[PDB]
Number of protein chains: 2
Amino acid sequence: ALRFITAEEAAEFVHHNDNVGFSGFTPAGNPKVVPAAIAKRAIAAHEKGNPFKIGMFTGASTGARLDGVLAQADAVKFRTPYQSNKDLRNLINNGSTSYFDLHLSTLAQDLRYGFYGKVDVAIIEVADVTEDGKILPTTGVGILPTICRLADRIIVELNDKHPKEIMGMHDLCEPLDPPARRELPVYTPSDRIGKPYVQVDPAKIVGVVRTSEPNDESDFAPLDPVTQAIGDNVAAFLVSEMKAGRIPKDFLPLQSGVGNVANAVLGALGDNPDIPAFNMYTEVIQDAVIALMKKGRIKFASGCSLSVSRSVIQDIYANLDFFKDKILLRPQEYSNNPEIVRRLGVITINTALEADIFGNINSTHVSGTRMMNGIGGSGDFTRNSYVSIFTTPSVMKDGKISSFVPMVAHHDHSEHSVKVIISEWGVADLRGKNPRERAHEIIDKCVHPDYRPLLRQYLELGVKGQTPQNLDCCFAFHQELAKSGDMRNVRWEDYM
Amino acid sequence: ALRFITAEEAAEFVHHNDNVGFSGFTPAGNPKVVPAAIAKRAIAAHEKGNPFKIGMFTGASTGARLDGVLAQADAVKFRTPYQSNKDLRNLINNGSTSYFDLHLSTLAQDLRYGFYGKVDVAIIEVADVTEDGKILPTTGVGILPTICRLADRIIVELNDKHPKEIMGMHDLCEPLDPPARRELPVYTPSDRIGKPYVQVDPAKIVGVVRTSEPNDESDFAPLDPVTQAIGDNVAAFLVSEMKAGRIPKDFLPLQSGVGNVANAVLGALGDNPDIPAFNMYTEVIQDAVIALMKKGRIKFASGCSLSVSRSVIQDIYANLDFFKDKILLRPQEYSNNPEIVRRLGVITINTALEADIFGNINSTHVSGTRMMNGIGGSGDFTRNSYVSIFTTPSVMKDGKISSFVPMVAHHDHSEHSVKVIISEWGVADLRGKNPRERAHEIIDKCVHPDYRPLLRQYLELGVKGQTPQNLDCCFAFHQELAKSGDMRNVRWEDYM
Ligand SMILES: [Zn+2]
Ligand SMILES: [Zn+2]
């Protein structure tokens, strides 16, 4: 039978060098009390002279009570595929651990393929665990089905705050693997192809820890004119494309990242009457989506996690009557699947840390060296979307930093994949343009006035060829930031 | 009824500013006499003071009697999505025309989406054209079905050398477009999902030009120890992976580029008994594949074109009894489809112009500025393959040029997509490794001895962060080639 234990007893099932997979996608759906117990245990081993580090496989980001505590404990032998915690991020950038970010849709199958070793244990947060081994996830799916299948033992965390009435909001499954794989039967963003729970051998459950962990509440989200501008441009562009005949009149499924811009984009879409009621086929469903949903603005939402504030999650749970049939959570293997994304003609909208005049995007490394979060699913989406869009305020640091540079210090998306770029200044449709033509378009429409003439001068430095990159000074902007702290101080005659 | 005309009369149906789509993939399946007649016509307009340039949509590369003649005629207003002709290449690199290379699998649908204007006329090479508008392609498919559907008028070229007995070797079709698209029903590389011909309204055929154009013959293909080495490493790695459990015992579908390395790889596979009889799910089927096919080494071949020498094509046509059911040609929309590639677990092997120590690949720009051919289908494949492999001799120009550099002068494939790199020196499995770990692996296994210590010194230049790129000298190798002509002359203390 199912054995109930403490977070301390559960932590004993994790040993040094073990590879652990965690449930959830973003803090949502992730274990919150056991990982901290592992950390104590890990630290107690360190100061005793004994080594203690585990390999970590997750869906995406985890709370501060996962990566944070584990990172502060210096017990991370390796991490994948996406993170978003300051402690772990520093540990990484200080070269104190091994981190490799992957396209989110690929981790599950690659685990099955045996590309990354063994999964020793799986720690999961649940809304309900049956005696016959049926698991009901909470608010995030990630790689749940795969870690439960591959793990030697499973440590369950039964959260008080998530009701079993949620049953039906998840669509869990895995496909056969080559050479036996069939198609993934989703032709609409609301199609169900799996089960509302994951089935495992109850014998693998080494224990069930009871918890009662509420969602955090929404923390300070001020409005910003630059993002208001960006969000409007996105919405206006899209309606404009439909009437131009480049997007079907009934619109298409959408995908957006998380953040202020995303929020502004969603708000703009909802307020533009020319944008028909739409569905989401995203990664994470945020408050902004729920808000539009209550106004009938968004008809349905497909995602990998429901990452909403406490006020919003309580409203949903109090109204399963309304939300149950409008929200569907899938493993990232499906929510970010190239096959599904391309078939449905999902329109993707993602952010850029920086972009260059030839349409290349950097979404992970600051100055090309410091890791940020991870490529995430921006590649899975951008690459296969009907039309890929990248948004970003034109400048930063009171204008001393330009979001647009001659060449990105780190390439995450290439000229062959980025179709449209949008800032507060306007939109640059890159389709059908060569390098020089898209540079002028990006310069005139997206770049901040303070940097437009300088980037125009970059295109006239005498370089011959398809792409006018000047290897002697393509990184002058980044170099100048390090020297003066203000990229506007660049003068090409100084960098050559 | 079908009207038979000359290449000169046919050329009259093409006007300045018209967008023309051509059939075929690589010279194979492309028109050979009409485009030259357009060129004459174009030149006659130029010297008369009148403008004359057409937009060009093709599958991939075309003969010298297509891009070459058209480029020499300076009648190219814009070109897509891949080219491989010296005249056109120079025209491009001299900034005399607009060229934009795309992921091959995306051109067909994006044309239907309306992303690139209108298709005025389609010039196609045929083995048979029925009176009721049934077209039978020759040796290359490309974007045939799409250009025939979208074009206002069609100019057919009936080639004597290709028999209608070929009927059955093509699988032609197009899928519905979002939001109505269904799955692409190919679960095996030999699955048929379309028709052996393309149906059009005979009224659109403005004329049929009779031709008799034979395949070129195989031209000088000497053996090279470096490629022999590379090919063996690829084959040995693969058998090694199967026994390690990272590739199913019965193997998987393969995809390789064209060239000496590719030929060596195919040969190595055929000669390694631990490599089971396999199938191809490539872009272009070359002589090397046919050779292995006759030895039962390759069981079947799926591709977009059969680009073989005259000796080989005659052997096939004289033995449809053997080849007919073993070769299947598809539109690049299907032969390079992400959905199919990932579902079948296609193992992809492509070349690299250059690669950097962090796993990024450049497959198009020399020194980051001079266009080569185009990204081609390397992205469609690499990105979605079971395991992506990149091959390349370690050096060039008698060792004065290193194929491995600190940072690639042009990014076509990122660290998140490149899984394995192989040179004559060994193989570097990049999976599960962070930037520093994969740099040391690439340095120790793939890099030529003459450059290993220098790239090791690059990793110790004091740079902090996830990725040790030094923006002050990451391009020193390229810069030194331009200064001395020998990258070995680099000394980091000189570039900083
Ligand atoms: Zn990256
Ligand atoms: Zn490129």
# chains A, B, ... in the order shown; residues from 1 in each chain; ligands from 1

call {"tool": "closest_atom_pairs", "arguments": {"of": "range 85-186 of chain B", "to": "range 338-349 of chain B", "cutoff": "10 Å", "atoms": "only C-alpha atoms", "output": "CSV"}}
result
residue,atom,partner,partner_atom,distance
B:105,CA,B:338,CA,7.9
B:106,CA,B:338,CA,9.8
B:183,CA,B:339,CA,8.6
B:184,CA,B:340,CA,7.4
B:185,CA,B:340,CA,8.6
B:186,CA,B:340,CA,6.6

call {"tool": "residues_around", "arguments": {"residues": "residue 170 in chain B", "least_positions_apart": "4", "cutoff": "9 Å", "atoms": "only C-alpha atoms", "output": "ChimeraX atom specification"}}
result
/B:136-139,141,166,192,194-197,304,327-331

call {"tool": "write_last_selection", "arguments": {"atoms": "C-alpha atoms", "output": "JSON list (two decimals), in the first residue's frame"}}
result
[["chain", "number", "residue", "atom", "x", "y", "z"],
["B", 136, "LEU", "CA", 4.81, 13.22, -64.93],
["B", 137, "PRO", "CA", 8.04, 14.79, -63.53],
["B", 138, "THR", "CA", 11.49, 13.51, -64.39],
["B", 139, "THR", "CA", 14.31, 13.09, -61.89],
["B", 141, "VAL", "CA", 10.47, 17.13, -57.70],
["B", 166, "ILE", "CA", 8.98, 5.98, -64.62],
["B", 192, "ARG", "CA", 3.02, 6.59, -50.44],
["B", 194, "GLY", "CA", -0.02, 11.10, -52.87],
["B", 195, "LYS", "CA", -0.24, 10.45, -56.62],
["B", 196, "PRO", "CA", 2.35, 9.46, -59.25],
["B", 197, "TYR", "CA", 1.52, 12.61, -61.20],
["B", 304, "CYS", "CA", 13.47, 14.80, -53.63],
["B", 327, "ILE", "CA", 13.22, 4.63, -55.20],
["B", 328, "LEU", "CA", 10.58, 7.20, -54.35],
["B", 329, "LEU", "CA", 10.81, 10.92, -55.14],
["B", 330, "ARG", "CA", 8.83, 13.47, -53.12],
["B", 331, "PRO", "CA", 8.37, 17.26, -53.11]]

call {"tool": "select_by_dssp", "arguments": {"residues": "range 115-343 of chain A", "states": "strand (DSSP E)", "output": "PyMOL selection string"}}
result
chain A and resi 121-126+128-129+134-136+153-159+198-199+205-211+254-256+278-281+284-285+298-303+305-306+327-329

call {"tool": "interface_residues", "arguments": {"of": "chain B", "to": "chain A", "cutoff": "7 Å", "atoms": "only C-alpha atoms", "output": "PyMOL selection string"}}
result
chain B and resi 92-95+98-100+102-103+113-116+178-179+181-183+187+245-246+252+338-339+343-345+368-371+411-412+414+416+432-434+464-469+471+475

call {"tool": "write_last_selection", "arguments": {"atoms": "N, CA and C atoms", "output": "short mmCIF file (atom, residue, chain, number, x, y, z; two decimals), in the first residue's frame"}}
result
data_model
loop_
_atom_site.label_atom_id
_atom_site.label_comp_id
_atom_site.auth_asym_id
_atom_site.auth_seq_id
_atom_site.Cartn_x
_atom_site.Cartn_y
_atom_site.Cartn_z
N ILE B 92 25.38 37.49 -56.93
CA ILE B 92 24.88 37.67 -55.58
C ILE B 92 25.89 38.37 -54.70
N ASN B 93 27.08 37.79 -54.58
CA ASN B 93 28.15 38.34 -53.74
C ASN B 93 28.63 39.72 -54.17
N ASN B 94 28.30 40.11 -55.39
CA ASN B 94 28.65 41.44 -55.89
C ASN B 94 27.46 42.38 -55.63
N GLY B 95 26.47 41.87 -54.91
CA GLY B 95 25.29 42.66 -54.58
C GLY B 95 24.51 43.13 -55.79
N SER B 98 19.01 40.19 -55.52
CA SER B 98 18.52 39.79 -54.20
C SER B 98 18.36 38.28 -54.08
N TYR B 99 19.05 37.72 -53.10
CA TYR B 99 18.99 36.30 -52.84
C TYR B 99 18.73 36.04 -51.35
N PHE B 100 17.84 35.11 -51.07
CA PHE B 100 17.58 34.75 -49.69
C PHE B 100 17.37 33.24 -49.62
N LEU B 102 16.39 29.76 -47.89
CA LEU B 102 15.40 29.34 -46.91
C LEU B 102 15.53 27.87 -46.58
N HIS B 103 14.86 27.45 -45.51
CA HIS B 103 14.85 26.04 -45.14
C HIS B 103 13.99 25.48 -46.28
N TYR B 113 0.73 30.31 -48.49
CA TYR B 113 0.32 31.27 -47.46
C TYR B 113 0.32 32.70 -48.02
N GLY B 114 0.98 32.88 -49.16
CA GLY B 114 1.05 34.18 -49.80
C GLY B 114 2.22 35.02 -49.33
N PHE B 115 3.16 34.40 -48.60
CA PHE B 115 4.31 35.12 -48.08
C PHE B 115 5.19 35.77 -49.16
N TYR B 116 5.30 35.11 -50.31
CA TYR B 116 6.08 35.64 -51.42
C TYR B 116 4.98 35.82 -52.45
N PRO B 178 -3.35 25.29 -42.62
CA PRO B 178 -4.08 25.65 -41.40
C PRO B 178 -5.24 26.60 -41.66
N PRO B 179 -6.29 26.51 -40.84
CA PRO B 179 -6.42 25.58 -39.72
C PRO B 179 -6.96 24.20 -40.09
N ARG B 181 -5.13 21.64 -41.77
CA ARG B 181 -4.14 20.61 -42.03
C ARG B 181 -4.25 19.37 -41.17
N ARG B 182 -4.09 18.22 -41.81
CA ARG B 182 -4.12 16.92 -41.15
C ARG B 182 -2.67 16.44 -41.06
N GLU B 183 -2.45 15.25 -40.53
CA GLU B 183 -1.09 14.75 -40.42
C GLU B 183 -0.59 14.28 -41.79
N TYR B 187 4.90 6.88 -42.14
CA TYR B 187 5.42 6.25 -40.94
C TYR B 187 6.63 5.37 -41.25
N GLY B 245 23.20 1.23 -27.09
CA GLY B 245 21.78 1.36 -26.83
C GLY B 245 21.20 2.74 -27.14
N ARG B 246 21.96 3.57 -27.84
CA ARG B 246 21.50 4.91 -28.17
C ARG B 246 20.86 5.03 -29.55
N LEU B 252 18.17 3.15 -38.28
CA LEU B 252 17.14 4.14 -38.58
C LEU B 252 17.36 4.71 -39.99
N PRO B 338 9.94 18.37 -41.19
CA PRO B 338 10.28 18.22 -39.77
C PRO B 338 9.45 17.13 -39.10
N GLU B 339 8.16 17.11 -39.39
CA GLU B 339 7.24 16.11 -38.84
C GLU B 339 7.69 14.69 -39.20
N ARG B 343 9.56 12.03 -36.63
CA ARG B 343 8.78 10.83 -36.36
C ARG B 343 9.56 9.56 -36.71
N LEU B 344 10.19 9.53 -37.89
CA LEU B 344 10.96 8.37 -38.34
C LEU B 344 12.29 8.23 -37.64
N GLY B 345 12.73 9.28 -36.96
CA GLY B 345 14.00 9.23 -36.27
C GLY B 345 15.15 9.19 -37.26
N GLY B 368 32.29 34.60 -43.25
CA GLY B 368 31.08 35.26 -42.77
C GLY B 368 30.41 36.26 -43.70
N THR B 369 30.95 36.43 -44.90
CA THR B 369 30.38 37.40 -45.83
C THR B 369 30.03 36.84 -47.21
N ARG B 370 30.91 36.00 -47.76
CA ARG B 370 30.66 35.45 -49.08
C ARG B 370 29.75 34.24 -49.12
N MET B 371 28.57 34.41 -49.73
CA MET B 371 27.63 33.32 -49.84
C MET B 371 28.24 32.16 -50.60
N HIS B 411 26.53 31.94 -38.32
CA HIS B 411 25.82 30.85 -37.66
C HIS B 411 24.62 30.33 -38.45
N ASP B 412 24.69 29.06 -38.83
CA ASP B 412 23.60 28.40 -39.53
C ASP B 412 22.93 27.38 -38.62
N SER B 414 22.94 26.03 -34.39
CA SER B 414 23.39 26.35 -33.05
C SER B 414 23.73 25.16 -32.15
N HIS B 416 22.45 24.14 -29.69
CA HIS B 416 21.25 23.41 -29.27
C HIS B 416 20.78 22.40 -30.30
N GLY B 432 24.85 16.26 -23.78
CA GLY B 432 25.03 16.28 -22.34
C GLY B 432 26.19 17.11 -21.86
N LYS B 433 26.74 17.96 -22.72
CA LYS B 433 27.88 18.78 -22.35
C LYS B 433 27.61 20.27 -22.43
N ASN B 434 28.23 21.02 -21.52
CA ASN B 434 28.07 22.47 -21.52
C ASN B 434 29.10 23.02 -22.50
N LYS B 464 34.67 35.35 -18.25
CA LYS B 464 33.76 34.77 -17.28
C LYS B 464 32.38 34.50 -17.86
N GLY B 465 31.76 33.40 -17.42
CA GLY B 465 30.43 33.08 -17.89
C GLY B 465 30.24 31.70 -18.47
N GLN B 466 28.98 31.39 -18.77
CA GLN B 466 28.58 30.12 -19.36
C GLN B 466 29.39 29.83 -20.64
N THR B 467 29.53 30.83 -21.50
CA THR B 467 30.26 30.67 -22.76
C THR B 467 31.48 31.59 -22.79
N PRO B 468 32.69 31.01 -22.77
CA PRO B 468 33.98 31.71 -22.79
C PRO B 468 34.37 32.40 -24.10
N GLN B 469 33.44 33.12 -24.73
CA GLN B 469 33.76 33.83 -25.97
C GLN B 469 34.39 35.18 -25.64
N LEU B 471 34.94 38.53 -27.06
CA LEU B 471 34.55 39.46 -28.11
C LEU B 471 35.67 40.32 -28.67
N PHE B 475 37.37 36.39 -33.51
CA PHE B 475 37.54 36.27 -34.96
C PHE B 475 38.99 36.42 -35.41
#

call {"tool": "residues_around", "arguments": {"residues": "residue 322 in chain A", "least_positions_apart": "5", "cutoff": "10 Å", "atoms": "only C-alpha atoms", "output": "NGL selection string"}}
result
:A and (293-294 or 316-317 or 327)

call {"tool": "closest_residue", "arguments": {"among": "B:271, B:460, B:325, B:283", "to": "residue 169 in chain B", "atoms": "only C-alpha atoms"}}
result
B:325

call {"tool": "residues_around", "arguments": {"residues": "residue 422 in chain B", "least_positions_apart": "3", "cutoff": "10 Å", "atoms": "only C-alpha atoms", "output": "list in words"}}
result
residues 229, 230, 231, 233, 234, 237, 349, 351, 352, 389, 390, 391, 392, 393, 394, 425, 426, 427, 428, 429, 442, 445, 446 and 447 of chain B

call {"tool": "closest_residue", "arguments": {"among": "A:153, A:336, A:310, A:162", "to": "residue 108 in chain A", "atoms": "only C-alpha atoms"}}
result
A:336

call {"tool": "residues_around", "arguments": {"residues": "range 313-315 of chain A", "least_positions_apart": "6", "cutoff": "10 Å", "atoms": "only C-alpha atoms", "output": "list in words"}}
result
residues 139, 161, 162, 214, 215, 216, 217, 287, 290, 306, 307 and 323 of chain A

call {"tool": "select_by_dssp", "arguments": {"residues": "range 1-87 of chain A", "states": "helix (DSSP H, G or I)", "output": "PyMOL selection string"}}
result
chain A and resi 7-11+34-46+64-72+86-87

call {"tool": "residues_around", "arguments": {"residues": "residue 129 in chain A", "least_positions_apart": "3", "cutoff": "12 Å", "atoms": "only C-alpha atoms", "output": "JSON, numbers by chain"}}
result
{"A": [1, 2, 3, 4, 124, 125, 126, 132, 133, 134, 135, 136, 137, 138, 154, 155, 156, 157, 158, 159, 163, 164, 167, 197, 198, 199, 200, 201, 202, 205, 207, 208, 209, 210]}

call {"tool": "write_last_selection", "arguments": {"atoms": "N, CA, C and O atoms", "output": "CSV table (one decimal), in the first residue's frame"}}
result
chain,number,residue,atom,x,y,z
A,1,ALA,N,0.8,-1.2,0.0
A,1,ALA,CA,0.0,0.0,0.0
A,1,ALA,C,0.9,1.3,0.0
A,1,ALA,O,2.1,1.2,0.3
A,2,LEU,N,0.2,2.4,-0.3
A,2,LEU,CA,0.9,3.7,-0.3
A,2,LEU,C,1.4,4.0,1.1
A,2,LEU,O,0.6,4.1,2.0
A,3,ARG,N,2.7,4.3,1.2
A,3,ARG,CA,3.3,4.7,2.5
A,3,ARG,C,3.4,6.2,2.6
A,3,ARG,O,4.0,6.8,1.7
A,4,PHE,N,2.9,6.8,3.7
A,4,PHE,CA,3.1,8.2,3.9
A,4,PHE,C,4.3,8.5,4.8
A,4,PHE,O,4.4,7.9,5.8
A,124,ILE,N,7.6,14.2,-7.6
A,124,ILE,CA,6.5,14.9,-8.3
A,124,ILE,C,5.5,15.5,-7.3
A,124,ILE,O,5.3,15.0,-6.2
A,125,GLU,N,4.8,16.6,-7.7
A,125,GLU,CA,3.8,17.2,-6.9
A,125,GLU,C,2.5,16.7,-7.5
A,125,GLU,O,2.3,16.7,-8.7
A,126,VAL,N,1.5,16.2,-6.6
A,126,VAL,CA,0.3,15.7,-7.1
A,126,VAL,C,-1.0,16.2,-6.5
A,126,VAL,O,-1.0,16.8,-5.4
A,132,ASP,N,-3.5,2.3,-6.9
A,132,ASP,CA,-3.1,1.4,-8.1
A,132,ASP,C,-2.1,2.2,-8.9
A,132,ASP,O,-2.0,1.9,-10.1
A,133,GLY,N,-1.5,3.2,-8.4
A,133,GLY,CA,-0.5,4.0,-9.1
A,133,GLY,C,-1.0,5.1,-10.1
A,133,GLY,O,-0.3,5.3,-11.1
A,134,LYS,N,-2.2,5.7,-9.9
A,134,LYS,CA,-2.6,6.7,-10.9
A,134,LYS,C,-2.2,8.1,-10.3
A,134,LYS,O,-2.6,8.4,-9.2
A,135,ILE,N,-1.5,8.8,-11.1
A,135,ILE,CA,-1.0,10.2,-10.7
A,135,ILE,C,-1.8,11.3,-11.4
A,135,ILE,O,-1.9,11.3,-12.6
A,136,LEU,N,-2.3,12.3,-10.6
A,136,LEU,CA,-2.9,13.4,-11.1
A,136,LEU,C,-2.0,14.6,-10.8
A,136,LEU,O,-1.9,15.0,-9.7
A,137,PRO,N,-1.4,15.2,-11.9
A,137,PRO,CA,-0.5,16.4,-11.7
A,137,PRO,C,-1.3,17.6,-11.2
A,137,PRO,O,-2.5,17.6,-11.1
A,138,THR,N,-0.5,18.6,-10.9
A,138,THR,CA,-1.2,19.9,-10.5
A,138,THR,C,-1.2,20.9,-11.6
A,138,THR,O,-2.0,20.7,-12.6
A,154,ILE,N,9.8,6.6,-7.2
A,154,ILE,CA,9.1,7.9,-7.3
A,154,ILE,C,8.7,8.4,-5.9
A,154,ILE,O,8.2,7.6,-5.1
A,155,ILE,N,9.0,9.6,-5.7
A,155,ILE,CA,8.7,10.3,-4.4
A,155,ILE,C,7.5,11.3,-4.7
A,155,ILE,O,7.7,12.3,-5.4
A,156,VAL,N,6.3,11.0,-4.2
A,156,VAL,CA,5.2,11.8,-4.4
A,156,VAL,C,4.9,12.9,-3.3
A,156,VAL,O,5.2,12.6,-2.1
A,157,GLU,N,4.4,14.0,-3.7
A,157,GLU,CA,4.1,15.1,-2.8
A,157,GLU,C,2.6,15.5,-3.0
A,157,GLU,O,2.3,16.0,-4.1
A,158,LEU,N,1.8,15.2,-2.1
A,158,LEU,CA,0.4,15.4,-2.1
A,158,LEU,C,0.0,16.8,-1.6
A,158,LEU,O,-0.2,17.0,-0.4
A,159,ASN,N,-0.2,17.8,-2.5
A,159,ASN,CA,-0.6,19.1,-2.2
A,159,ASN,C,-2.0,19.4,-1.8
A,159,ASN,O,-2.9,19.1,-2.6
A,163,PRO,N,-7.2,20.6,-5.8
A,163,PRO,CA,-8.3,19.6,-5.7
A,163,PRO,C,-8.3,18.6,-6.9
A,163,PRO,O,-7.9,18.9,-8.0
A,164,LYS,N,-8.7,17.4,-6.6
A,164,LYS,CA,-8.8,16.3,-7.5
A,164,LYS,C,-9.9,16.5,-8.6
A,164,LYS,O,-10.0,15.7,-9.5
A,167,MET,N,-9.1,16.8,-12.3
A,167,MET,CA,-9.1,15.7,-13.2
A,167,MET,C,-9.8,16.0,-14.5
A,167,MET,O,-11.0,16.4,-14.6
A,197,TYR,N,-4.4,11.4,-16.5
A,197,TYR,CA,-3.6,10.9,-15.4
A,197,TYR,C,-2.5,10.0,-16.0
A,197,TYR,O,-2.6,9.6,-17.1
A,198,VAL,N,-1.4,9.9,-15.1
A,198,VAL,CA,-0.3,9.0,-15.5
A,198,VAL,C,-0.3,7.8,-14.7
A,198,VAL,O,-0.4,7.8,-13.4
A,199,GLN,N,-0.2,6.6,-15.3
A,199,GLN,CA,-0.3,5.3,-14.7
A,199,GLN,C,1.1,4.7,-14.4
A,199,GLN,O,1.9,4.6,-15.3
A,200,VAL,N,1.4,4.4,-13.2
A,200,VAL,CA,2.7,3.8,-12.8
A,200,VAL,C,2.5,2.6,-11.9
A,200,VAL,O,1.4,2.4,-11.5
A,201,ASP,N,3.6,1.9,-11.7
A,201,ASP,CA,3.5,0.7,-10.8
A,201,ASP,C,3.6,1.3,-9.4
A,201,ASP,O,4.6,1.8,-9.0
A,202,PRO,N,2.5,1.1,-8.6
A,202,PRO,CA,2.5,1.7,-7.2
A,202,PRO,C,3.7,1.2,-6.4
A,202,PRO,O,4.1,1.9,-5.4
A,205,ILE,N,6.5,3.8,-5.9
A,205,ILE,CA,6.3,5.0,-5.0
A,205,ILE,C,6.9,4.6,-3.7
A,205,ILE,O,6.3,3.9,-2.9
A,207,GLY,N,7.2,6.6,-1.3
A,207,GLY,CA,6.5,7.4,-0.3
A,207,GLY,C,5.7,8.6,-0.8
A,207,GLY,O,5.9,9.1,-1.8
A,208,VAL,N,4.7,9.0,0.0
A,208,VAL,CA,3.8,10.1,-0.3
A,208,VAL,C,3.9,11.1,0.9
A,208,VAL,O,3.5,10.8,2.0
A,209,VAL,N,4.4,12.3,0.6
A,209,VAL,CA,4.6,13.3,1.5
A,209,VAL,C,3.4,14.3,1.4
A,209,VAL,O,3.2,14.9,0.3
A,210,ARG,N,2.6,14.5,2.4
A,210,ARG,CA,1.5,15.5,2.4
A,210,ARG,C,2.0,16.9,2.6
A,210,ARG,O,2.8,17.2,3.5

call {"tool": "residues_around", "arguments": {"residues": "range 56-63 of chain A", "least_positions_apart": "2", "cutoff": "9 Å", "atoms": "only C-alpha atoms", "output": "ChimeraX atom specification"}}
result
/A:18-32,54,65-68,76-85,104,107-108,119,140-144,147,331-332,373,376
